[PDB]
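2 protein chains.
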Amino acid sequence: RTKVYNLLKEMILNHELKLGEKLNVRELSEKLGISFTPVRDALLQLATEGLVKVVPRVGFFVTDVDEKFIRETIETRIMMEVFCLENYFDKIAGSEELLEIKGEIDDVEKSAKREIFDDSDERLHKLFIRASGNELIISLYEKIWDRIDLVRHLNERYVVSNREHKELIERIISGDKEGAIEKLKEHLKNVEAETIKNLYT
Amino acid sequence: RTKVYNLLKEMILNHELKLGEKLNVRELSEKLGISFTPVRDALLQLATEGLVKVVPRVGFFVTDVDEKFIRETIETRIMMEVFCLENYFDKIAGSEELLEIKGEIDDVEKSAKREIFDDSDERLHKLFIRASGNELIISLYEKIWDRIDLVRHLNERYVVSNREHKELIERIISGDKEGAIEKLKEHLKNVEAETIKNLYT
């Protein structure tokens, strides 16, 4: 149930199962060599998360992504990341993980290696959330991050995002709370706009 | 389906199925008069929501409630409700729904009827979230409200909460965003403390 959930989610997030694609439990079970029941269980789990849609009298489909999808994700990120950066600022600023990430970011500034960036991006934003120690918020944000991953194909600006991340960390390290928050908001709004523009290719 | 899920969730939230109680799929199916499949489907969804726990080779149980559960809910409420009240203030202030809630509050103060209070409490806090128009945040908050309903038995201070709601709404109508946010945070912290204190009675 979990192995298969994780496998099917990976296939949706990396678009092996395409946005909007019709999903058939039996096809998947045969494709994956896994019985029917845990495939169905996993699809239902994915439906409650919004990555799968269940259309009465028809069946399961991979979610479509439209402007609303992107916008709702970004507003949710603003709400959660800002709350956590504001209220757990000193914990974040003093963390060993912030310094590791800072190094990754410097590496990207030189290499423009997208893979390192992707790592650093997930790590930085999840750090802000993890610092709360609130398992409920952490678990909710894991699913919000899935929505971000789903639209990664539209998020081309990584070189400029990396500069934004570099500056954000500098503000955090210096103690500039309000400046850090403003930079985080600017970054998220810039991502929103770029992501949406690329939706319309 | 969702109907079965709603019935079972309702039985948890009203403590027909007690906190920590072992849930038997066979027994539940027979009680509700339905096939096993949708009962199992519903329990698995409730498990992903945190209202049910799955214990390996043992089975399903209603969640227990402890201090962490309460605290994590309350922090998440502060996060979401403050963000929506801050960013959608004028929309909330001008809504007809705020005026109806205002009237229910006066009913409660005169009458101290709990049932009217519980309606007003859900309506006021959900109004703040609904004003965002963000369906993702609205859908997440629906499940956070389930966690609030689960601990209603610990939340005795409704007469004083109602007076806090009265002041909060007066601050919204007066146009004092900052004062309204302060009062909302105070109210939520006061609910937290007393719900926790009543946990250990």
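Sequence lines, in order, name chains A and B. Residues 10 to 210 in PDB author numbering are what the first sequence spells out, letter by letter. Residues 10 to 210 in PDB author numbering are what the second sequence spells out, letter by letter. Just so it is clear, CB atoms sit at the ideal spot from N, CA and C, and this is done for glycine as well.
| Query | Result |
| --- | --- |
| Go through its chain and collect everything with a Cβ distance to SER170/A's Cβ below 6 Å, but skip five positions before and after it. | none |
| What does the alpha-carbon distance come out to for the pair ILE83/A and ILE125/A? | 22 Å |
| Anyone know if the C-beta pair for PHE137/A and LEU197/A falls short of 8 Å? | no |
| Count the other CB atoms within 10 Å of the CB of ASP99/B; is the residue buried (16 or more) or exposed (fewer)? | exposed |
| Just to confirm, are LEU26/B and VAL71/B a CB contact at a threshold of 8 Å? | yes |
| Give, in chain order, every residue of the stretch 128-148 of chain B whose Cβ lies closer than 7 Å to some Cβ of chain A. | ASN143, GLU144, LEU145 and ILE146 |
| Shortest alpha-carbon distance to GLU58/A belongs to which of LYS152/A, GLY184/A and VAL13/A? | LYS152/A |
| Name the chain A residues whose beta carbon is nearer than 8 Å to that of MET20/B? | Under the 8 Å cutoff, chain A gives no residues; its nearest Cβ is about 19 Å from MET20/B. |
| In chain order, what residues of the same chain lie with their CB nearer than 8 Å to the CB of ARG166/B, ignoring the 5 residues before and after it? | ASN199, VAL200 and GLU203 |
| Distance check for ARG139/B and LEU163/A, CA to CA, integer angstroms please. | 29 Å |
| Considering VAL34/B, what are the terminal residues of the alpha helix (DSSP H) in which it resides? | 34-41 |
| Whole angstroms is fine: what's the gap from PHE69/B's alpha carbon to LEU28/B's? | 12 Å |
| Should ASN23/A go down as buried or exposed, given a rule of 16 or more other Cβ atoms within 10 Å for buried? | exposed |
| Taking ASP50/B as the query, report the chain A residues whose CB atoms sit under 7 Å from its CB, ordered along the chain. | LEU53 |
| In the DSSP assignment, what residue or residues form a beta bridge with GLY142/A? | Per DSSP, none; premise fails for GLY142/A. |
| Classify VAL48/A as helix, strand or coil using the three-state DSSP reduction. | helix |
| What in chain A is Cβ-close to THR11/B, meaning under 9 Å? | By Cβ distance, chain A contributes nothing, its closest Cβ being about 10 Å from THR11/B, past 9 Å. |
| Would you mind working out which of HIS174/B, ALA102/B and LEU159/B sits nearest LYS194/B, comparing C-alpha positions? | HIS174/B |
| For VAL74/B and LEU37/B, I'd like the C-alpha separation in whole angstroms. | 22 Å |
| Who are the neighbours of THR72/B on chain A, taking C-beta pairs under 8 Å? | Chain A residues near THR72/B: none, gap ~12 Å exceeds 8 Å. |
| Any Cβ of chain C within less than 8 Å of the Cβ of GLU187/B? | The structure shown has no chain C; the protein chains it does contain are A and B. |
| Taking only three categories from DSSP, how would you classify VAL63/A? | strand |
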